[PDB]
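See below for my_file_11.cif, which holds mmCIF, C-alpha atoms and all ligand atoms.
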data_query
#
loop_
_atom_site.label_atom_id
_atom_site.label_comp_id
_atom_site.auth_asym_id
_atom_site.auth_seq_id
_atom_site.Cartn_x
_atom_site.Cartn_y
_atom_site.Cartn_z
CA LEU L 273 46.43 -51.78 24.11
CA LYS L 274 48.93 -49.24 25.42
CA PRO L 275 51.95 -49.35 27.74
CA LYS L 276 51.20 -48.49 31.38
CA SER L 277 47.49 -48.92 30.57
CA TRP L 278 45.11 -51.14 32.54
CA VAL L 279 43.43 -54.42 31.57
CA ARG L 280 41.45 -57.12 33.37
CA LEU L 281 42.24 -60.83 33.48
CA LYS L 282 39.45 -62.93 32.01
CA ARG L 283 39.94 -65.98 34.26
CA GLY L 284 42.05 -67.25 37.14
CA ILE L 285 42.04 -66.08 40.73
CA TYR L 286 42.75 -62.58 39.36
CA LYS L 287 39.64 -62.58 37.17
CA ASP L 288 37.97 -59.19 36.67
CA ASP L 289 40.85 -57.51 38.54
CA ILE L 290 42.52 -54.34 37.28
CA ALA L 291 46.08 -55.01 36.09
CA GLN L 292 48.47 -52.39 34.75
CA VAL L 293 50.03 -53.10 31.35
CA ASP L 294 53.62 -52.90 32.57
CA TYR L 295 55.20 -54.07 29.27
CA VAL L 296 53.98 -55.01 25.78
CA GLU L 297 55.71 -57.85 23.98
CA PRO L 298 56.90 -57.01 20.44
CA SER L 299 55.68 -60.39 19.15
CA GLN L 300 52.09 -59.49 20.21
CA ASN L 301 51.71 -62.92 21.97
CA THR L 302 51.72 -61.84 25.68
CA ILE L 303 51.89 -58.75 27.94
CA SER L 304 53.63 -58.21 31.31
CA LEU L 305 50.97 -57.14 33.85
CA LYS L 306 51.33 -55.44 37.25
CA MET L 307 48.90 -56.87 39.87
CA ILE L 308 48.23 -56.82 43.60
CA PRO L 309 48.38 -60.53 44.54
CA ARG L 310 45.49 -62.56 45.89
CA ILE L 311 47.52 -65.35 47.57
CA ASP L 312 47.43 -67.23 50.89
CA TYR L 313 51.26 -67.51 50.81
CA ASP L 314 50.81 -71.36 50.98
CA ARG L 315 49.50 -71.08 54.63
CA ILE L 316 45.82 -71.90 53.87
CA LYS L 317 46.01 -74.13 50.72
CA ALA L 318 47.00 -77.70 51.55
CA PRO L 335 41.28 -63.98 48.71
CA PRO L 336 41.37 -60.16 48.67
CA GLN L 337 44.08 -58.11 47.00
CA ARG L 338 47.07 -57.69 49.36
CA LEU L 339 50.63 -56.40 48.93
CA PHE L 340 53.08 -59.23 48.25
CA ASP L 341 54.98 -60.00 51.48
CA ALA L 342 58.37 -61.41 50.50
CA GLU L 343 59.33 -62.17 54.11
CA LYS L 344 56.05 -64.01 54.76
CA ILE L 345 56.35 -66.25 51.70
CA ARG L 346 60.01 -66.90 52.49
CA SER L 347 59.19 -67.89 56.07
CA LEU L 348 56.34 -70.13 54.89
CA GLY L 349 58.78 -71.93 52.61
CA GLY L 350 57.78 -74.27 49.76
CA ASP L 351 58.14 -73.22 46.09
CA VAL L 352 59.88 -69.78 46.60
CA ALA L 353 63.06 -68.12 45.15
CA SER L 354 64.28 -64.51 45.67
CA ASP L 355 66.77 -62.46 43.58
CA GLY L 356 66.25 -59.33 45.80
CA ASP L 357 62.98 -57.41 45.36
CA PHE L 358 62.12 -60.03 42.72
CA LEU L 359 60.66 -63.38 43.76
CA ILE L 360 59.53 -66.55 41.97
CA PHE L 361 56.91 -68.58 43.80
CA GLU L 362 54.15 -71.19 43.28
CA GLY L 363 54.87 -72.16 39.61
CA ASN L 364 56.69 -69.16 38.01
CA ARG L 365 54.54 -66.46 39.79
CA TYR L 366 56.70 -63.32 39.57
CA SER L 367 56.59 -60.56 42.18
CA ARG L 368 58.60 -57.40 42.74
CA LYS L 369 58.43 -54.74 45.46
CA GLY L 370 55.14 -56.12 46.78
CA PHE L 371 53.56 -56.24 43.30
CA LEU L 372 53.20 -59.13 40.87
CA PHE L 373 54.84 -58.59 37.47
CA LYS L 374 53.65 -61.55 35.39
CA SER L 375 53.10 -62.17 31.69
CA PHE L 376 49.57 -63.01 30.52
CA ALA L 377 48.09 -63.76 27.12
CA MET L 378 46.42 -60.93 25.15
CA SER L 379 43.41 -63.25 24.56
CA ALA L 380 43.22 -63.89 28.33
CA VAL L 381 42.50 -60.22 29.16
CA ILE L 382 39.91 -57.62 28.17
CA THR L 383 41.52 -54.48 26.76
CA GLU L 384 38.48 -52.16 26.58
CA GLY L 385 36.06 -50.65 29.14
CA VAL L 386 38.85 -50.88 31.76
CA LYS L 387 39.75 -47.61 33.46
CA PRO L 388 41.19 -47.50 37.00
CA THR L 389 38.99 -45.79 39.52
CA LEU L 390 40.97 -43.57 41.94
CA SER L 391 41.60 -46.57 44.26
CA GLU L 392 43.17 -48.54 41.42
CA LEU L 393 45.13 -45.47 40.31
CA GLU L 394 46.51 -45.16 43.84
CA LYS L 395 47.19 -48.90 43.83
CA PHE L 396 49.15 -48.69 40.56
CA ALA E 2 56.90 -78.58 -5.30
CA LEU E 3 54.99 -79.14 -1.97
CA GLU E 4 57.96 -77.35 -0.20
CA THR E 5 56.03 -74.02 -0.68
CA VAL E 6 52.95 -75.13 1.41
CA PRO E 7 52.57 -75.96 5.16
CA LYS E 8 52.38 -79.58 6.44
CA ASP E 9 50.44 -78.58 9.65
CA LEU E 10 48.65 -75.55 11.27
CA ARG E 11 50.99 -75.13 14.33
CA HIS E 12 53.72 -72.41 14.49
CA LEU E 13 52.93 -70.88 11.10
CA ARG E 14 54.86 -67.71 10.14
CA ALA E 15 54.60 -65.26 7.26
CA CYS E 16 57.60 -63.85 5.41
CA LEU E 17 57.57 -60.11 6.03
CA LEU E 18 58.97 -59.43 2.47
CA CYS E 19 56.77 -61.72 0.24
CA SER E 20 53.92 -62.78 2.57
CA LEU E 21 54.83 -66.51 2.13
CA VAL E 22 53.24 -68.50 4.94
CA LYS E 23 55.17 -71.62 6.09
CA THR E 24 55.79 -73.49 9.31
CA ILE E 25 58.77 -72.17 11.25
CA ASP E 26 60.35 -75.59 10.78
CA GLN E 27 59.98 -75.22 7.01
CA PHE E 28 61.55 -71.76 7.19
CA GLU E 29 64.41 -73.17 9.28
CA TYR E 30 65.00 -76.15 6.97
CA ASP E 31 64.42 -74.96 3.40
CA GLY E 32 64.27 -71.19 4.00
CA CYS E 33 62.03 -68.79 2.13
CA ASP E 34 61.14 -69.92 -1.39
CA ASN E 35 61.26 -66.27 -2.53
CA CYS E 36 63.81 -64.52 -0.23
CA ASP E 37 66.53 -67.06 0.75
CA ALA E 38 68.84 -65.74 -2.01
CA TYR E 39 68.65 -62.30 -0.35
CA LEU E 40 68.21 -63.33 3.32
CA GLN E 41 69.97 -66.74 3.68
CA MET E 42 67.33 -67.91 6.22
CA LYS E 43 68.31 -71.59 5.91
CA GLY E 44 69.45 -73.22 9.13
CA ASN E 45 69.06 -70.15 11.37
CA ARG E 46 66.11 -70.10 13.78
CA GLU E 47 67.00 -66.65 15.11
CA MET E 48 67.16 -65.17 11.61
CA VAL E 49 63.85 -66.89 10.83
CA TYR E 50 62.30 -65.07 13.79
CA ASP E 51 63.86 -61.82 12.59
CA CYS E 52 62.51 -62.03 9.03
CA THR E 53 59.28 -64.05 9.47
CA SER E 54 56.44 -63.01 11.78
CA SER E 55 54.01 -65.57 13.33
CA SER E 56 51.24 -62.89 13.30
CA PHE E 57 49.24 -62.27 10.10
CA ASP E 58 45.66 -61.87 8.79
CA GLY E 59 44.04 -64.23 6.26
CA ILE E 60 45.19 -67.13 4.05
CA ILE E 61 45.27 -67.10 0.24
CA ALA E 62 46.10 -70.08 -1.95
CA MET E 63 48.10 -68.88 -4.98
CA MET E 64 48.37 -71.02 -8.17
CA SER E 65 48.60 -68.58 -11.14
CA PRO E 66 50.73 -65.55 -10.14
CA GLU E 67 50.63 -64.42 -13.81
CA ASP E 68 46.87 -65.11 -14.13
CA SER E 69 45.36 -63.82 -10.88
CA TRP E 70 43.84 -60.45 -10.06
CA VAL E 71 44.50 -61.11 -6.36
CA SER E 72 48.16 -61.45 -7.31
CA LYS E 73 48.07 -57.88 -8.62
CA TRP E 74 46.14 -56.65 -5.57
CA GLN E 75 48.60 -58.26 -3.16
CA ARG E 76 51.68 -57.46 -5.38
CA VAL E 77 52.65 -61.14 -5.33
CA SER E 78 52.35 -61.77 -9.11
CA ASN E 79 56.14 -62.44 -9.31
CA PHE E 80 56.29 -64.97 -6.45
CA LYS E 81 56.16 -68.75 -6.28
CA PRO E 82 52.83 -70.61 -5.84
CA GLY E 83 52.10 -71.13 -2.14
CA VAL E 84 50.01 -70.20 0.87
CA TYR E 85 50.02 -66.34 1.08
CA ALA E 86 48.47 -64.32 3.87
CA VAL E 87 46.21 -61.33 3.06
CA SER E 88 48.07 -59.00 5.47
CA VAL E 89 51.41 -59.55 7.23
CA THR E 90 52.02 -57.18 10.15
CA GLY E 91 55.57 -56.32 11.16
CA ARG E 92 58.79 -54.75 9.95
CA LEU E 93 62.26 -56.04 9.16
CA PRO E 94 65.32 -55.00 11.18
CA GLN E 95 66.87 -51.77 9.97
CA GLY E 96 70.17 -53.45 9.12
CA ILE E 97 68.47 -56.00 6.88
CA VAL E 98 66.46 -53.24 5.19
CA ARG E 99 69.64 -51.27 4.48
CA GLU E 100 71.31 -54.44 3.19
CA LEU E 101 68.39 -55.01 0.82
CA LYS E 102 68.52 -51.39 -0.33
CA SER E 103 72.26 -51.67 -0.93
CA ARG E 104 71.65 -54.82 -2.96
CA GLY E 105 68.83 -53.00 -4.75
CA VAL E 106 65.75 -54.65 -3.24
CA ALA E 107 63.17 -52.10 -2.13
CA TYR E 108 61.27 -53.12 1.00
CA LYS E 109 57.50 -52.52 0.91
CA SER E 110 55.37 -53.36 3.93
CA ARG E 111 52.92 -56.23 3.49
CA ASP E 112 50.65 -54.85 6.24
CA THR E 113 47.89 -53.65 3.92
CA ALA E 114 45.31 -53.81 6.75
CA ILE E 115 43.40 -50.55 7.31
CA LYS E 116 44.37 -49.05 10.68
CA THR E 117 41.45 -47.28 12.36
ZN ZN D 401 58.99 -65.15 2.06
#

Could I get this structure in the form of structure tokens?
Amino acid sequence: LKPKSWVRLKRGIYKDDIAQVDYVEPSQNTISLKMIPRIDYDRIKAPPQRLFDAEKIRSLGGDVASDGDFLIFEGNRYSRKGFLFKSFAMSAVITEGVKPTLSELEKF
Amino acid sequence: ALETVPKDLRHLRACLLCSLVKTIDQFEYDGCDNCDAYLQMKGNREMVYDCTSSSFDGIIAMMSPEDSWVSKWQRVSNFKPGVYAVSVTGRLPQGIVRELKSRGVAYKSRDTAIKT
């Protein structure tokens, strides 16, 4: 596990997706991960990886809060500059065999 | 003295200085049975976080610090009977280490785990 490295979430809607290791917690409990969201922006719920659209999720309304480039939506989901920056458990990700292809490297 | 053993398996921490394993509540209430005279960990949750780390390898029950080979292996033959982890990973804050050195207490890492 290294800073700015890449892991993959074990479960969730982001399962098997490449996520950059944006920050490593000193306590070794969680890590902050950079991800391209897979969200319907609350339009379809009563999905492919897409850049986080702050204006779209603000227009849709519901559980949303912006500080600027940073946004909190849909139960503490953190996004910034079109990219999710969210903390995930070290047991909830796989830390080996992950390398970005060129597309993921361009993405992150 | 049952004060040196956990009452439950949640939120267990290990003292980075003597590898004593207690619940964080026990560390907050009665402090470290082997370091409170040098740390004053009683009644300070933040200081408990600073000096005790939740992350450790193994559990060892210790009964005879003067009559145990594992006590010699772990360098815990001068500590009170309790639940002692095999390896405690972490490091104290630099200020606390310098305070211990000024007092005269050398700080040796308890992380005896083989790295790579
Ligand atoms: Zn201790």

**Message:** What residues of the protein or nucleic acid chains come within 9 Å of ligand ZN 401 (chain D) when you use only C-alpha atoms and all ligand atoms? Reply as a list in words.
**Reply:**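 With only C-alpha atoms and all ligand atoms and a cut-off of 9 Å, ligand ZN 401 (chain D) is contacted by residues 15, 16, 17, 18, 19, 20, 21, 22, 23, 28, 32, 33, 34, 35, 36, 37, 52, 53 and 80 of chain E.
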
Quick one: write out the picked residues with C-alpha atoms as a PDB file, in the frame of the given file?
ATOM      1  CA  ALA E  15      54.600 -65.260   7.260  1.00  0.00           C
ATOM      2  CA  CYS E  16      57.600 -63.850   5.410  1.00  0.00           C
ATOM      3  CA  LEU E  17      57.570 -60.110   6.030  1.00  0.00           C
ATOM      4  CA  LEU E  18      58.970 -59.430   2.470  1.00  0.00           C
ATOM      5  CA  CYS E  19      56.770 -61.720   0.240  1.00  0.00           C
ATOM      6  CA  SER E  20      53.920 -62.780   2.570  1.00  0.00           C
ATOM      7  CA  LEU E  21      54.830 -66.510   2.130  1.00  0.00           C
ATOM      8  CA  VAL E  22      53.240 -68.500   4.940  1.00  0.00           C
ATOM      9  CA  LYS E  23      55.170 -71.620   6.090  1.00  0.00           C
ATOM     10  CA  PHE E  28      61.550 -71.760   7.190  1.00  0.00           C
ATOM     11  CA  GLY E  32      64.270 -71.190   4.000  1.00  0.00           C
ATOM     12  CA  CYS E  33      62.030 -68.790   2.130  1.00  0.00           C
ATOM     13  CA  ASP E  34      61.140 -69.920  -1.390  1.00  0.00           C
ATOM     14  CA  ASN E  35      61.260 -66.270  -2.530  1.00  0.00           C
ATOM     15  CA  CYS E  36      63.810 -64.520  -0.230  1.00  0.00           C
ATOM     16  CA  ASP E  37      66.530 -67.060   0.750  1.00  0.00           C
ATOM     17  CA  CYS E  52      62.510 -62.030   9.030  1.00  0.00           C
ATOM     18  CA  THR E  53      59.280 -64.050   9.470  1.00  0.00           C
ATOM     19  CA  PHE E  80      56.290 -64.970  -6.450  1.00  0.00           C
TER      20      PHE E  80
END

**Request:** Select residues of chain L: the criterion is any atom within 9 Å of an atom of chain E, counting all atoms listed in the file; output as a list in words.
**Result:**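 Contact residues on the first chain: residues 299, 300 and 301 of chain L.
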
Find the spatial neighbours of residue 75 in chain E, counting all atoms listed in the file, within a cut-off of 12 Å - ignore same-chain residues fewer than 6 positions away - and output them as a short mmCIF file (atom, residue, chain, number, x, y, z; two decimals) with C-alpha atoms, in the frame of the given file.
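Output below, filename result.cif:
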data_model
loop_
_atom_site.label_atom_id
_atom_site.label_comp_id
_atom_site.auth_asym_id
_atom_site.auth_seq_id
_atom_site.Cartn_x
_atom_site.Cartn_y
_atom_site.Cartn_z
CA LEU E 18 58.97 -59.43 2.47
CA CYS E 19 56.77 -61.72 0.24
CA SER E 20 53.92 -62.78 2.57
CA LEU E 21 54.83 -66.51 2.13
CA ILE E 60 45.19 -67.13 4.05
CA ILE E 61 45.27 -67.10 0.24
CA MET E 63 48.10 -68.88 -4.98
CA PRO E 66 50.73 -65.55 -10.14
CA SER E 69 45.36 -63.82 -10.88
CA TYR E 85 50.02 -66.34 1.08
CA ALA E 86 48.47 -64.32 3.87
CA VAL E 87 46.21 -61.33 3.06
CA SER E 88 48.07 -59.00 5.47
CA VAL E 89 51.41 -59.55 7.23
CA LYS E 109 57.50 -52.52 0.91
CA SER E 110 55.37 -53.36 3.93
CA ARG E 111 52.92 -56.23 3.49
CA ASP E 112 50.65 -54.85 6.24
CA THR E 113 47.89 -53.65 3.92
CA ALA E 114 45.31 -53.81 6.75
#

**Request:** Show which residues sit within 12 Å of residue 351 in chain L, as a PyMOL selection string. Count only C-alpha atoms, and ignore same-chain residues fewer than 4 positions away.
**Result:** chain L and resi 313-314+345-347+359-366

**Prompt:** Which distance in Å separates CA of residue 81 in chain E and CA of residue 100 in chain E, to one decimal?
**Reply:**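 Taking CA of residue 81 in chain E and CA of residue 100 in chain E, their separation equals 22.9 Å.
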
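With distances taken over all atoms listed in the file, L:350 is the one residue among L:275, L:350, L:388, L:356 lying closest to residue 317 in chain L.
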
**Prompt:** Contacts of residue 30 in chain E at 10 Å or less, counting all atoms listed in the file, minus same-chain residues fewer than 2 places along, as a PyMOL selection string?
**Reply:** chain E and resi 24-28+32-33+42-46

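As for CA of residue 316 in chain L and CA of residue 371 in chain L, they are spaced 20.4 Å apart.
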
Around (51.6, -48.2, 33.1) in the file's frame, which residues reach within 10 Å when counting only C-alpha atoms? Return as a PDB file with C-alpha atoms, in the frame of the given file?
ATOM      1  CA  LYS L 274      48.930 -49.240  25.420  1.00  0.00           C
ATOM      2  CA  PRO L 275      51.950 -49.350  27.740  1.00  0.00           C
ATOM      3  CA  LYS L 276      51.200 -48.490  31.380  1.00  0.00           C
ATOM      4  CA  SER L 277      47.490 -48.920  30.570  1.00  0.00           C
ATOM      5  CA  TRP L 278      45.110 -51.140  32.540  1.00  0.00           C
ATOM      6  CA  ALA L 291      46.080 -55.010  36.090  1.00  0.00           C
ATOM      7  CA  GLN L 292      48.470 -52.390  34.750  1.00  0.00           C
ATOM      8  CA  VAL L 293      50.030 -53.100  31.350  1.00  0.00           C
ATOM      9  CA  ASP L 294      53.620 -52.900  32.570  1.00  0.00           C
ATOM     10  CA  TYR L 295      55.200 -54.070  29.270  1.00  0.00           C
ATOM     11  CA  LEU L 305      50.970 -57.140  33.850  1.00  0.00           C
ATOM     12  CA  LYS L 306      51.330 -55.440  37.250  1.00  0.00           C
ATOM     13  CA  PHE L 396      49.150 -48.690  40.560  1.00  0.00           C
TER      14      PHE L 396
END

**Message:** Calculated over all atoms listed in the file, which of the candidates E:39, E:13, E:82, E:67 has the smallest distance to residue 103 in chain E?
**Reply:** E:39

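CA of residue 108 in chain E sits 9.4 Å away from CA of residue 92 in chain E.
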
**Message:** Taking 4 positions as the minimum chain separation for residues in the same chain, which residues sit within 12 Å of residue 358 in chain L when counting only C-alpha atoms? Answer as a list in words.
**Reply:**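 What passes the distance filter is residues 340, 341, 342, 343, 352, 353, 354, 364, 365, 366, 367, 368, 369, 370, 371, 372, 373 and 374 of chain L.
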
With C-alpha atoms retained, could you export that selection as a compact mmCIF listing (two decimals), in the frame of the given file?
# COMPACT_ATOMS: atom_id res chain seq x y z
CA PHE L 340 53.08 -59.23 48.25
CA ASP L 341 54.98 -60.00 51.48
CA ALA L 342 58.37 -61.41 50.50
CA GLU L 343 59.33 -62.17 54.11
CA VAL L 352 59.88 -69.78 46.60
CA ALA L 353 63.06 -68.12 45.15
CA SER L 354 64.28 -64.51 45.67
CA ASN L 364 56.69 -69.16 38.01
CA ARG L 365 54.54 -66.46 39.79
CA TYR L 366 56.70 -63.32 39.57
CA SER L 367 56.59 -60.56 42.18
CA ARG L 368 58.60 -57.40 42.74
CA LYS L 369 58.43 -54.74 45.46
CA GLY L 370 55.14 -56.12 46.78
CA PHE L 371 53.56 -56.24 43.30
CA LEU L 372 53.20 -59.13 40.87
CA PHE L 373 54.84 -58.59 37.47
CA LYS L 374 53.65 -61.55 35.39

**Spatial neighbours of residue 287 in chain L, 12 Å, all atoms listed in the file, chain gap at least 3 places, as a PyMOL selection string** = chain L and resi 279-284+290-291+307+309-310+335-337+376+380-382

Around range 278-281 of chain L, fit a box with edges along x, y and z, padding it by 8 Å on each side, then list its centre and edge lengths in Å to one decimal as lines of an AutoDock Vina configuration file.
center_x = 43.3
center_y = -56.0
center_z = 32.5
size_x = 19.7
size_y = 25.7
size_z = 17.9
